[PDB]
Amino acid sequence: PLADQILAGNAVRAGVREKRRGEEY
Amino acid sequence: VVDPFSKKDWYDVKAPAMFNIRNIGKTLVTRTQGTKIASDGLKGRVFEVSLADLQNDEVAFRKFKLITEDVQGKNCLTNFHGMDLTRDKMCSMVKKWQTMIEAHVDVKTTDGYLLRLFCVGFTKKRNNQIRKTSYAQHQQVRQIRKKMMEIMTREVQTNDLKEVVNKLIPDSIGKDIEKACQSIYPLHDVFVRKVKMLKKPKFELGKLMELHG
Amino acid sequence: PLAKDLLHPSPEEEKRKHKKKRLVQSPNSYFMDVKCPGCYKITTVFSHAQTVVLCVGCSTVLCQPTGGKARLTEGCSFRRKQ
Amino acid sequence: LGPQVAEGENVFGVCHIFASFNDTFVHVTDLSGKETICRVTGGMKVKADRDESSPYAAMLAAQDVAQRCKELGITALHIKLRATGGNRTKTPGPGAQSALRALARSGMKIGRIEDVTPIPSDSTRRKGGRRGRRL
Amino acid sequence: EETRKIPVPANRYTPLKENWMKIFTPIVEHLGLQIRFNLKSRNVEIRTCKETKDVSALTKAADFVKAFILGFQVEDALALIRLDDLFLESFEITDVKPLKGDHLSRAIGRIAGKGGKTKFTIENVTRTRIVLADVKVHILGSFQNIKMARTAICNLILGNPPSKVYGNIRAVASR
RNA sequence: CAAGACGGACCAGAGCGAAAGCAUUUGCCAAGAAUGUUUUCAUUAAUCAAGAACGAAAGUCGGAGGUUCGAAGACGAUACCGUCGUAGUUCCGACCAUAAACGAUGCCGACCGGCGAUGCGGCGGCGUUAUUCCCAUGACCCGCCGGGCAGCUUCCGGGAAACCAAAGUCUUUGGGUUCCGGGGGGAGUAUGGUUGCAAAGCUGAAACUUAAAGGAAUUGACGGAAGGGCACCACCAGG
């Protein structure tokens, strides 16, 4: 749709990205 | 430096007695400052009023030009000046796989209002027809055009503008030609698409009293 | 398909074909007797007549020429010959 | 000031919106069209030829003419659209729709819409050459 | 009350019938507006009621069905319902250059492009929608986006190859 | 109110005309295709040089008119673009006779596929309509025949292929007849002749040089371009 393309063109992608970084006895 | 609209004043313009709705509205006119009279400034004013603003239940695609030439003390009196169809109707009514037949007459009425009539009809598809196109041959188009001229001339020439305008209110002329041309090639949407006013006689004020009441 | 006898065509097929294109050409026209209702005399007219045919005594119009066959007047009777 | 008309019934004017391909005119008149009330272009709202034909300039023009008519008392309008017509384009552009929307937003009642543009039966030769276009 | 009328042509009657559900549900649900299909006059009748507010929606709803009259999809006219400054602008192909017969057809073919591809590109680049009628061109979008797509289309019927316009229209939308 | 122009939409798988071309109504004028024909003549026919008729647009002479557009030209911006605008564009009367004037495809004839649309004429036929028409006739519907215009398709054969119902019926080569070509440049040049006021138009070489010039399709590659993804041996905020 045209509304979806305009709204998605003026917004920011967010969310998905994973970073793998980095007792009892 | 000073607002001229405070100097202006409001006058009332009203439709004649052939229509249901009579009060067609207001007109802003300058007051007389001795140089120019207001009556001369409002003696030639043409109004483009739709039919549904003149009658309640009627159609809206029919427009009447009404000419105003009279004053009666905050009461403008108007008279017929022309008739035409809306551009929306004229554009939507010209389809494709079908012929347009159109004609015009110059004709004098019974009381001097010489006028020109333009009408348009369209060839019609039958209900059991499977052919895409409904085209009339040239001689059928000429016969249909001659019949249009004869019919419109016969119910414009023998009557007065009261009866002419009350014919134009439901457009009995178009349905008359539609019924009359069913034996040459059947017709679809027959309307008197334009009414002109080529000539107006000498002004008489009693006839406006008859046309208004 | 690819096999039909040309010497013996079916009569509806021969009737359908163009008059020149038949096995042996033959016309589509005929001569007929017409009787005017205003008299008793018989007149021989061509079916595709191009001339207006008048009665010998009554002098009424018997046929009007048209594009193809002639239009006999409403009221006359006719009978095809042979 | 204003027409001596009761609260139930309004007063009709007509408003010619002329959306040329460089700016947009808003010319409001009475039902006859003889006497005028207001007319606001793209130039009297923005002082930039960039935004002369802009929908924003037409929006400001329509708000200005709507508040002016409600000041004077014309509380309903018939609307007559117009393009530049003739040999040129015949269709009202975004400026006309912007002006119509903006003066509909003002709360003033809108009457009958009619597209009145000078479409010729047949006219003269086109402004461009046999080659010449917009860009 | 207030009422608008929209004429539907004969070629648009079957898509109007087959898509009618998603025409009237976006008008009666979140605009609170009344609509009917007058078959005798072949019109769309849109009228207000006691359940409507934000009166401009009426006018906006009008443009909605008008776009579906002119050949746009239901989703793009739905965008006309949602967004506030969206416009539809229209011009004829002969309005920029006199094109006769086969030249007019070739001009249409260059605007459409092979498989439709070229016209899709302009839409996908300019966030507009483009309906090619028999001769008319209708562009639905914002004013700057309409200006961009109209310049690209006029360049396609300037005589320029579709390839140069493809590359250049991908380049110009970076401003 | 006026002046000239143009006849939009309807307007097409259309129609007409030898082609160029032709779209407001009405009247007049003389032609014509196709169809119908148990008319007439009786081989009168096909192709053709010179010449003749018309021949888009532009252009050259005499007038009339100049609405729009607009070569040249004058400005303003940056060859493109905008403002003004000459000749021209329009009409009459003489010229010039060229186009990608295309189907890039002499003319006449015979044989050879499918489907279902269209234009005109003719033929046969139930029905519905002309406010149930009171008979014919128009308008639709069904079928057929004849030439037309034009789609999609085809193990008809043909072709280098694109494609072609002719560009097929061709090494299994002969239906009749005209024009024209013989590798690429030199060169449409020089010269000779002809025509045209003129511009130019028709015809038109060789010496020498050269191994290519060219046609039809389809994708290998192809510096690159547009989207993503991961990374403190990349960045942001820092130490």
# chains A, B, ... in the order shown; residues from 1 in each chain; ligands from 1
call {"tool": "residues_around", "arguments": {"residues": "stretch 159-163 of chain B", "least_positions_apart": "2", "cutoff": "8 Å", "atoms": "only C-alpha atoms (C1' of nucleotides)", "output": "list in words"}}
result
residues 18, 109, 110, 111, 155, 156, 157, 165, 166, 167 and 211 of chain B
call {"tool": "select_by_dssp", "arguments": {"residues": "chain C", "states": "strand (DSSP E)", "output": "list in words"}}
result
residues 31, 32, 33, 34, 35, 42, 43, 44, 45, 46, 53, 54, 61, 62, 63, 64, 71, 72, 77, 78, 79 and 80 of chain C
call {"tool": "residues_around", "arguments": {"residues": "residue E:1", "least_positions_apart": "4", "cutoff": "9 Å", "atoms": "only C-alpha atoms (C1' of nucleotides)", "output": "ChimeraX atom specification"}}
result
/E:47-49
call {"tool": "write_last_selection", "arguments": {"atoms": "N, CA, C and O atoms", "output": "PDB file, in the first residue's frame"}}
result
ATOM      1  N   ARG E  47     -23.270   9.967   2.084  1.00  0.00           N
ATOM      2  CA  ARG E  47     -24.004  10.921   2.899  1.00  0.00           C
ATOM      3  C   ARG E  47     -23.598  10.780   4.356  1.00  0.00           C
ATOM      4  O   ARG E  47     -23.202   9.704   4.819  1.00  0.00           O
ATOM      5  N   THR E  48     -23.718  11.894   5.074  1.00  0.00           N
ATOM      6  CA  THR E  48     -23.419  11.944   6.493  1.00  0.00           C
ATOM      7  C   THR E  48     -24.592  11.389   7.296  1.00  0.00           C
ATOM      8  O   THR E  48     -25.654  11.061   6.762  1.00  0.00           O
ATOM      9  N   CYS E  49     -24.391  11.285   8.602  1.00  0.00           N
ATOM     10  CA  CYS E  49     -25.440  10.839   9.508  1.00  0.00           C
ATOM     11  C   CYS E  49     -25.196  11.496  10.862  1.00  0.00           C
ATOM     12  O   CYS E  49     -24.464  12.486  10.964  1.00  0.00           O
TER      13      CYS E  49
END
call {"tool": "atom_distance", "arguments": {"atom1": "atom CA of residue D:7", "atom2": "atom CA of residue D:71"}}
result
15.1 Å
call {"tool": "residues_around", "arguments": {"residues": "residue C:30", "least_positions_apart": "4", "cutoff": "9 Å", "atoms": "only C-alpha atoms (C1' of nucleotides)", "output": "ChimeraX atom specification"}}
result
/C:45-48,80-82 /F:38
call {"tool": "write_last_selection", "arguments": {"atoms": "C-alpha atoms (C1' of nucleotides)", "output": "PDB file, in the first residue's frame"}}
result
ATOM      1  CA  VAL C  45     -42.339 -12.444 -63.518  1.00  0.00           C
ATOM      2  CA  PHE C  46     -38.672 -13.067 -62.794  1.00  0.00           C
ATOM      3  CA  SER C  47     -37.974 -13.419 -59.073  1.00  0.00           C
ATOM      4  CA  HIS C  48     -35.037 -10.981 -59.235  1.00  0.00           C
ATOM      5  CA  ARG C  80     -43.307 -20.890 -58.521  1.00  0.00           C
ATOM      6  CA  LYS C  81     -42.995 -22.617 -61.878  1.00  0.00           C
ATOM      7  CA  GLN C  82     -41.550 -25.997 -62.868  1.00  0.00           C
TER       8      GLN C  82
ATOM      9  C1'   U F  38     -31.848 -17.236 -66.608  1.00  0.00           C
TER      10        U F  38
END
call {"tool": "closest_atom_pairs", "arguments": {"of": "chain C", "to": "chain F", "cutoff": "10 Å", "atoms": "only C-alpha atoms (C1' of nucleotides)", "output": "JSON lines"}}
result
{"residue": "C:15", "atom": "CA", "partner": "F:144", "partner_atom": "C1'", "distance": 9.9}
{"residue": "C:16", "atom": "CA", "partner": "F:144", "partner_atom": "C1'", "distance": 6.7}
{"residue": "C:17", "atom": "CA", "partner": "F:145", "partner_atom": "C1'", "distance": 6.9}
{"residue": "C:18", "atom": "CA", "partner": "F:145", "partner_atom": "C1'", "distance": 5.9}
{"residue": "C:19", "atom": "CA", "partner": "F:145", "partner_atom": "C1'", "distance": 8.9}
{"residue": "C:26", "atom": "CA", "partner": "F:38", "partner_atom": "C1'", "distance": 9.1}
{"residue": "C:27", "atom": "CA", "partner": "F:38", "partner_atom": "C1'", "distance": 7.1}
{"residue": "C:28", "atom": "CA", "partner": "F:38", "partner_atom": "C1'", "distance": 9.3}
{"residue": "C:29", "atom": "CA", "partner": "F:38", "partner_atom": "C1'", "distance": 7.4}
{"residue": "C:30", "atom": "CA", "partner": "F:38", "partner_atom": "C1'", "distance": 7.8}
{"residue": "C:31", "atom": "CA", "partner": "F:38", "partner_atom": "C1'", "distance": 8.9}
{"residue": "C:46", "atom": "CA", "partner": "F:38", "partner_atom": "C1'", "distance": 8.9}
{"residue": "C:48", "atom": "CA", "partner": "F:37", "partner_atom": "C1'", "distance": 7.0}
{"residue": "C:49", "atom": "CA", "partner": "F:37", "partner_atom": "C1'", "distance": 8.4}
{"residue": "C:50", "atom": "CA", "partner": "F:37", "partner_atom": "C1'", "distance": 8.6}
{"residue": "C:66", "atom": "CA", "partner": "F:36", "partner_atom": "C1'", "distance": 8.8}
{"residue": "C:67", "atom": "CA", "partner": "F:36", "partner_atom": "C1'", "distance": 6.0}
{"residue": "C:68", "atom": "CA", "partner": "F:36", "partner_atom": "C1'", "distance": 4.8}
{"residue": "C:69", "atom": "CA", "partner": "F:36", "partner_atom": "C1'", "distance": 7.8}
{"residue": "C:73", "atom": "CA", "partner": "F:136", "partner_atom": "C1'", "distance": 9.9}
{"residue": "C:74", "atom": "CA", "partner": "F:136", "partner_atom": "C1'", "distance": 8.0}
call {"tool": "residues_around", "arguments": {"residues": "residue A:2", "least_positions_apart": "3", "cutoff": "6 Å", "atoms": "only C-alpha atoms (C1' of nucleotides)", "output": "mmCIF file with C-alpha atoms, in the first residue's frame"}}
result
data_model
loop_
_atom_site.group_PDB
_atom_site.id
_atom_site.type_symbol
_atom_site.label_atom_id
_atom_site.label_comp_id
_atom_site.auth_asym_id
_atom_site.auth_seq_id
_atom_site.Cartn_x
_atom_site.Cartn_y
_atom_site.Cartn_z
ATOM 1 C CA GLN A 5 5.386 2.707 2.159
ATOM 2 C CA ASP E 76 -3.952 3.313 -2.469
ATOM 3 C CA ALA E 79 -4.015 5.576 1.786
#
call {"tool": "interface_residues", "arguments": {"of": "chain E", "to": "chain F", "cutoff": "12 Å", "atoms": "only C-alpha atoms (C1' of nucleotides)", "output": "mmCIF file with C-alpha atoms, in the first residue's frame"}}
result
data_model
loop_
_atom_site.group_PDB
_atom_site.id
_atom_site.type_symbol
_atom_site.label_atom_id
_atom_site.label_comp_id
_atom_site.auth_asym_id
_atom_site.auth_seq_id
_atom_site.Cartn_x
_atom_site.Cartn_y
_atom_site.Cartn_z
ATOM 1 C CA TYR E 166 15.617 4.322 -14.872
ATOM 2 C CA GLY E 167 19.143 5.142 -13.735
ATOM 3 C CA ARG E 170 17.093 5.993 -9.046
ATOM 4 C CA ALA E 171 19.719 8.726 -8.629
#
call {"tool": "closest_atom_pairs", "arguments": {"of": "chain D", "to": "chain E", "cutoff": "12 Å", "atoms": "only C-alpha atoms", "output": "JSON lines"}}
result
{"residue": "D:19", "atom": "CA", "partner": "E:89", "partner_atom": "CA", "distance": 11.7}
{"residue": "D:21", "atom": "CA", "partner": "E:89", "partner_atom": "CA", "distance": 11.4}
{"residue": "D:50", "atom": "CA", "partner": "E:144", "partner_atom": "CA", "distance": 11.4}
{"residue": "D:51", "atom": "CA", "partner": "E:143", "partner_atom": "CA", "distance": 10.8}
{"residue": "D:53", "atom": "CA", "partner": "E:143", "partner_atom": "CA", "distance": 10.0}
{"residue": "D:54", "atom": "CA", "partner": "E:143", "partner_atom": "CA", "distance": 7.7}
{"residue": "D:55", "atom": "CA", "partner": "E:143", "partner_atom": "CA", "distance": 7.5}
{"residue": "D:56", "atom": "CA", "partner": "E:85", "partner_atom": "CA", "distance": 9.4}
{"residue": "D:59", "atom": "CA", "partner": "E:85", "partner_atom": "CA", "distance": 10.6}
{"residue": "D:76", "atom": "CA", "partner": "E:2", "partner_atom": "CA", "distance": 11.9}
{"residue": "D:83", "atom": "CA", "partner": "E:90", "partner_atom": "CA", "distance": 11.0}
{"residue": "D:85", "atom": "CA", "partner": "E:95", "partner_atom": "CA", "distance": 11.0}
{"residue": "D:86", "atom": "CA", "partner": "E:95", "partner_atom": "CA", "distance": 11.0}
{"residue": "D:87", "atom": "CA", "partner": "E:95", "partner_atom": "CA", "distance": 8.2}
{"residue": "D:88", "atom": "CA", "partner": "E:95", "partner_atom": "CA", "distance": 6.6}
{"residue": "D:89", "atom": "CA", "partner": "E:91", "partner_atom": "CA", "distance": 6.3}
{"residue": "D:90", "atom": "CA", "partner": "E:91", "partner_atom": "CA", "distance": 7.7}
{"residue": "D:91", "atom": "CA", "partner": "E:90", "partner_atom": "CA", "distance": 6.2}
{"residue": "D:92", "atom": "CA", "partner": "E:89", "partner_atom": "CA", "distance": 7.6}
{"residue": "D:93", "atom": "CA", "partner": "E:89", "partner_atom": "CA", "distance": 5.3}
{"residue": "D:94", "atom": "CA", "partner": "E:87", "partner_atom": "CA", "distance": 5.6}
{"residue": "D:95", "atom": "CA", "partner": "E:87", "partner_atom": "CA", "distance": 8.9}
{"residue": "D:96", "atom": "CA", "partner": "E:87", "partner_atom": "CA", "distance": 10.0}
{"residue": "D:97", "atom": "CA", "partner": "E:87", "partner_atom": "CA", "distance": 7.5}
{"residue": "D:98", "atom": "CA", "partner": "E:85", "partner_atom": "CA", "distance": 8.1}
{"residue": "D:99", "atom": "CA", "partner": "E:85", "partner_atom": "CA", "distance": 11.6}
{"residue": "D:100", "atom": "CA", "partner": "E:59", "partner_atom": "CA", "distance": 8.8}
{"residue": "D:101", "atom": "CA", "partner": "E:56", "partner_atom": "CA", "distance": 6.9}
{"residue": "D:102", "atom": "CA", "partner": "E:56", "partner_atom": "CA", "distance": 8.5}
{"residue": "D:103", "atom": "CA", "partner": "E:56", "partner_atom": "CA", "distance": 9.3}
{"residue": "D:104", "atom": "CA", "partner": "E:56", "partner_atom": "CA", "distance": 6.1}
{"residue": "D:105", "atom": "CA", "partner": "E:56", "partner_atom": "CA", "distance": 5.4}
{"residue": "D:106", "atom": "CA", "partner": "E:56", "partner_atom": "CA", "distance": 8.8}
{"residue": "D:107", "atom": "CA", "partner": "E:55", "partner_atom": "CA", "distance": 7.6}
{"residue": "D:108", "atom": "CA", "partner": "E:55", "partner_atom": "CA", "distance": 10.1}
{"residue": "D:109", "atom": "CA", "partner": "E:2", "partner_atom": "CA", "distance": 8.5}
{"residue": "D:110", "atom": "CA", "partner": "E:2", "partner_atom": "CA", "distance": 8.3}
{"residue": "D:111", "atom": "CA", "partner": "E:2", "partner_atom": "CA", "distance": 8.5}
{"residue": "D:112", "atom": "CA", "partner": "E:4", "partner_atom": "CA", "distance": 8.6}
{"residue": "D:113", "atom": "CA", "partner": "E:4", "partner_atom": "CA", "distance": 8.8}
{"residue": "D:114", "atom": "CA", "partner": "E:5", "partner_atom": "CA", "distance": 11.5}
{"residue": "D:125", "atom": "CA", "partner": "E:98", "partner_atom": "CA", "distance": 10.5}
{"residue": "D:126", "atom": "CA", "partner": "E:95", "partner_atom": "CA", "distance": 8.6}
{"residue": "D:127", "atom": "CA", "partner": "E:96", "partner_atom": "CA", "distance": 9.6}
{"residue": "D:128", "atom": "CA", "partner": "E:97", "partner_atom": "CA", "distance": 7.7}
{"residue": "D:129", "atom": "CA", "partner": "E:97", "partner_atom": "CA", "distance": 8.1}
{"residue": "D:130", "atom": "CA", "partner": "E:98", "partner_atom": "CA", "distance": 6.4}
{"residue": "D:131", "atom": "CA", "partner": "E:97", "partner_atom": "CA", "distance": 6.3}
{"residue": "D:132", "atom": "CA", "partner": "E:97", "partner_atom": "CA", "distance": 6.5}
{"residue": "D:133", "atom": "CA", "partner": "E:96", "partner_atom": "CA", "distance": 4.6}
{"residue": "D:134", "atom": "CA", "partner": "E:96", "partner_atom": "CA", "distance": 6.3}
{"residue": "D:135", "atom": "CA", "partner": "E:155", "partner_atom": "CA", "distance": 6.8}
call {"tool": "select_by_dssp", "arguments": {"residues": "chain E", "states": "helix (DSSP H, G or I)", "output": "PyMOL selection string"}}
result
chain E and resi 13-18+21-28+56-70+74-82+93-95+102-112+114-126+143-156+162-172
call {"tool": "closest_residue", "arguments": {"among": "F:180, F:190, F:230, F:30", "to": "chain A", "atoms": "only C-alpha atoms (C1' of nucleotides)"}}
result
F:230
call {"tool": "residues_around", "arguments": {"residues": "stretch 175-178 of chain F", "least_positions_apart": "2", "cutoff": "10 Å", "atoms": "only C-alpha atoms (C1' of nucleotides)", "output": "PyMOL selection string"}}
result
chain F and resi 46-48+106-110+180
call {"tool": "write_last_selection", "arguments": {"atoms": "N, CA, C and O atoms (P, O5', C5', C4', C3', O3' and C1' of nucleotides)", "output": "PDB file, in the first residue's frame"}}
result
ATOM      1  P     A F  46      -6.025  -6.004 -68.699  1.00  0.00           P
ATOM      2  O5'   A F  46      -4.843  -7.015 -68.386  1.00  0.00           O
ATOM      3  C5'   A F  46      -4.910  -7.902 -67.282  1.00  0.00           C
ATOM      4  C4'   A F  46      -3.580  -8.569 -67.047  1.00  0.00           C
ATOM      5  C3'   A F  46      -2.384  -7.633 -66.969  1.00  0.00           C
ATOM      6  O3'   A F  46      -2.201  -7.092 -65.675  1.00  0.00           O
ATOM      7  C1'   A F  46      -1.913  -9.379 -68.477  1.00  0.00           C
ATOM      8  P     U F  47      -1.583  -5.628 -65.475  1.00  0.00           P
ATOM      9  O5'   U F  47      -0.066  -5.781 -65.926  1.00  0.00           O
ATOM     10  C5'   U F  47       0.841  -6.603 -65.209  1.00  0.00           C
ATOM     11  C4'   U F  47       2.170  -6.688 -65.905  1.00  0.00           C
ATOM     12  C3'   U F  47       2.813  -5.355 -66.224  1.00  0.00           C
ATOM     13  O3'   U F  47       3.523  -4.840 -65.122  1.00  0.00           O
ATOM     14  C1'   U F  47       2.858  -6.732 -68.142  1.00  0.00           C
ATOM     15  P     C F  48       3.875  -3.287 -65.041  1.00  0.00           P
ATOM     16  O5'   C F  48       5.153  -3.151 -65.969  1.00  0.00           O
ATOM     17  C5'   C F  48       5.531  -1.898 -66.502  1.00  0.00           C
ATOM     18  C4'   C F  48       6.041  -2.048 -67.909  1.00  0.00           C
ATOM     19  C3'   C F  48       6.131  -0.769 -68.721  1.00  0.00           C
ATOM     20  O3'   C F  48       7.333  -0.067 -68.481  1.00  0.00           O
ATOM     21  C1'   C F  48       5.059  -2.449 -69.992  1.00  0.00           C
ATOM     22  P     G F 106       7.731  -5.162 -53.657  1.00  0.00           P
ATOM     23  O5'   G F 106       6.767  -6.069 -54.515  1.00  0.00           O
ATOM     24  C5'   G F 106       7.142  -6.401 -55.827  1.00  0.00           C
ATOM     25  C4'   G F 106       6.652  -5.368 -56.798  1.00  0.00           C
ATOM     26  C3'   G F 106       5.276  -5.657 -57.372  1.00  0.00           C
ATOM     27  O3'   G F 106       4.248  -5.076 -56.595  1.00  0.00           O
ATOM     28  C1'   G F 106       6.808  -5.423 -59.126  1.00  0.00           C
ATOM     29  P     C F 107       2.987  -5.938 -56.116  1.00  0.00           P
ATOM     30  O5'   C F 107       2.115  -6.108 -57.431  1.00  0.00           O
ATOM     31  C5'   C F 107       1.653  -4.966 -58.132  1.00  0.00           C
ATOM     32  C4'   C F 107       1.318  -5.280 -59.565  1.00  0.00           C
ATOM     33  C3'   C F 107       0.350  -6.418 -59.800  1.00  0.00           C
ATOM     34  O3'   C F 107      -0.994  -6.070 -59.519  1.00  0.00           O
ATOM     35  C1'   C F 107       2.135  -6.588 -61.326  1.00  0.00           C
ATOM     36  P     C F 108      -2.042  -7.177 -59.009  1.00  0.00           P
ATOM     37  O5'   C F 108      -2.192  -8.171 -60.231  1.00  0.00           O
ATOM     38  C5'   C F 108      -2.957  -7.805 -61.365  1.00  0.00           C
ATOM     39  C4'   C F 108      -3.014  -8.916 -62.376  1.00  0.00           C
ATOM     40  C3'   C F 108      -3.480 -10.266 -61.884  1.00  0.00           C
ATOM     41  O3'   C F 108      -4.871 -10.356 -61.658  1.00  0.00           O
ATOM     42  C1'   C F 108      -1.603 -10.562 -63.250  1.00  0.00           C
ATOM     43  P     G F 109      -5.436 -11.336 -60.522  1.00  0.00           P
ATOM     44  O5'   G F 109      -5.002 -12.790 -60.988  1.00  0.00           O
ATOM     45  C5'   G F 109      -5.719 -13.441 -62.017  1.00  0.00           C
ATOM     46  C4'   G F 109      -5.141 -14.786 -62.371  1.00  0.00           C
ATOM     47  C3'   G F 109      -5.234 -15.880 -61.336  1.00  0.00           C
ATOM     48  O3'   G F 109      -6.527 -16.417 -61.175  1.00  0.00           O
ATOM     49  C1'   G F 109      -3.116 -15.943 -62.334  1.00  0.00           C
ATOM     50  P     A F 110      -6.979 -16.935 -59.732  1.00  0.00           P
ATOM     51  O5'   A F 110      -6.468 -18.431 -59.692  1.00  0.00           O
ATOM     52  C5'   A F 110      -6.824 -19.335 -60.718  1.00  0.00           C
ATOM     53  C4'   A F 110      -6.060 -20.623 -60.607  1.00  0.00           C
ATOM     54  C3'   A F 110      -6.074 -21.287 -59.245  1.00  0.00           C
ATOM     55  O3'   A F 110      -7.241 -22.052 -59.029  1.00  0.00           O
ATOM     56  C1'   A F 110      -3.872 -21.236 -60.082  1.00  0.00           C
ATOM     57  P     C F 180      16.437  -1.170 -65.447  1.00  0.00           P
ATOM     58  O5'   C F 180      17.193  -1.720 -64.164  1.00  0.00           O
ATOM     59  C5'   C F 180      17.409  -0.895 -63.028  1.00  0.00           C
ATOM     60  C4'   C F 180      17.571  -1.713 -61.774  1.00  0.00           C
ATOM     61  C3'   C F 180      18.859  -2.501 -61.654  1.00  0.00           C
ATOM     62  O3'   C F 180      19.932  -1.708 -61.180  1.00  0.00           O
ATOM     63  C1'   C F 180      17.030  -3.893 -61.123  1.00  0.00           C
TER      64        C F 180
END
call {"tool": "residues_around", "arguments": {"residues": "residue F:33", "least_positions_apart": "3", "cutoff": "10 Å", "atoms": "only C-alpha atoms (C1' of nucleotides)", "output": "PyMOL selection string"}}
result
chain F and resi 16+120+147-148
call {"tool": "atom_distance", "arguments": {"atom1": "atom CA of residue B:200", "atom2": "atom CA of residue B:114"}}
result
7.0 Å
call {"tool": "closest_residue", "arguments": {"among": "E:103, E:111, E:129, E:35", "to": "residue E:161", "atoms": "only C-alpha atoms"}}
result
E:111
call {"tool": "closest_atom_pairs", "arguments": {"of": "chain F", "to": "chain D", "cutoff": "10 Å", "atoms": "only C-alpha atoms (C1' of nucleotides)", "output": "Markdown table"}}
result
| residue | atom | partner | partner_atom | distance |
| --- | --- | --- | --- | --- |
| F:5 | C1' | D:124 | CA | 6.0 |
| F:6 | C1' | D:122 | CA | 5.3 |
| F:7 | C1' | D:122 | CA | 6.2 |
| F:8 | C1' | D:121 | CA | 5.4 |
| F:9 | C1' | D:121 | CA | 8.7 |
| F:67 | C1' | D:124 | CA | 8.0 |
| F:68 | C1' | D:124 | CA | 5.1 |
| F:69 | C1' | D:125 | CA | 5.5 |
| F:70 | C1' | D:129 | CA | 8.1 |
| F:80 | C1' | D:135 | CA | 9.5 |
| F:81 | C1' | D:135 | CA | 8.9 |
| F:89 | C1' | D:125 | CA | 9.9 |
call {"tool": "write_last_selection", "arguments": {"atoms": "C-alpha atoms (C1' of nucleotides)", "output": "PDB file, in the first residue's frame"}}
result
ATOM      1  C1'   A F   5      -8.542  28.997 -36.811  1.00  0.00           C
ATOM      2  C1'   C F   6     -10.042  24.162 -35.783  1.00  0.00           C
ATOM      3  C1'   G F   7     -13.883  20.487 -36.489  1.00  0.00           C
ATOM      4  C1'   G F   8     -12.328  17.127 -29.570  1.00  0.00           C
ATOM      5  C1'   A F   9     -15.002  13.427 -26.925  1.00  0.00           C
ATOM      6  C1'   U F  67      -6.597  34.238 -33.974  1.00  0.00           C
ATOM      7  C1'   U F  68      -2.970  30.730 -32.306  1.00  0.00           C
ATOM      8  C1'   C F  69       1.838  28.623 -33.268  1.00  0.00           C
ATOM      9  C1'   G F  70       6.550  29.939 -35.055  1.00  0.00           C
ATOM     10  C1'   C F  80      18.773  22.417 -23.803  1.00  0.00           C
ATOM     11  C1'   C F  81      14.934  26.890 -21.295  1.00  0.00           C
ATOM     12  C1'   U F  89       1.065  28.617 -40.750  1.00  0.00           C
TER      13        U F  89
END
call {"tool": "interface_residues", "arguments": {"of": "chain F", "to": "chain A", "cutoff": "12 Å", "atoms": "only C-alpha atoms (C1' of nucleotides)", "output": "NGL selection string"}}
result
:F and (229-232)
call {"tool": "write_last_selection", "arguments": {"atoms": "C-alpha atoms (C1' of nucleotides)", "output": "PDB file, in the first residue's frame"}}
result
ATOM      1  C1'   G F 229      24.768  -9.344   6.791  1.00  0.00           C
ATOM      2  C1'   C F 230      28.726  -9.932  10.273  1.00  0.00           C
ATOM      3  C1'   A F 231      33.247  -7.717  12.866  1.00  0.00           C
ATOM      4  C1'   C F 232      36.395  -2.899  18.842  1.00  0.00           C
TER       5        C F 232
END
call {"tool": "interface_residues", "arguments": {"of": "chain E", "to": "chain B", "cutoff": "9 Å", "atoms": "only C-alpha atoms", "output": "list in words"}}
result
residues 7, 8, 9 and 10 of chain E
call {"tool": "interface_residues", "arguments": {"of": "chain D", "to": "chain B", "cutoff": "12 Å", "atoms": "only C-alpha atoms", "output": "number ranges by chain"}}
result
D: 1-5, 9-14, 29-38, 68-69, 71-74, 76-78, 80-81, 111-119
call {"tool": "atom_distance", "arguments": {"atom1": "atom CA of residue B:74", "atom2": "atom CA of residue D:67"}}
result
26.9 Å
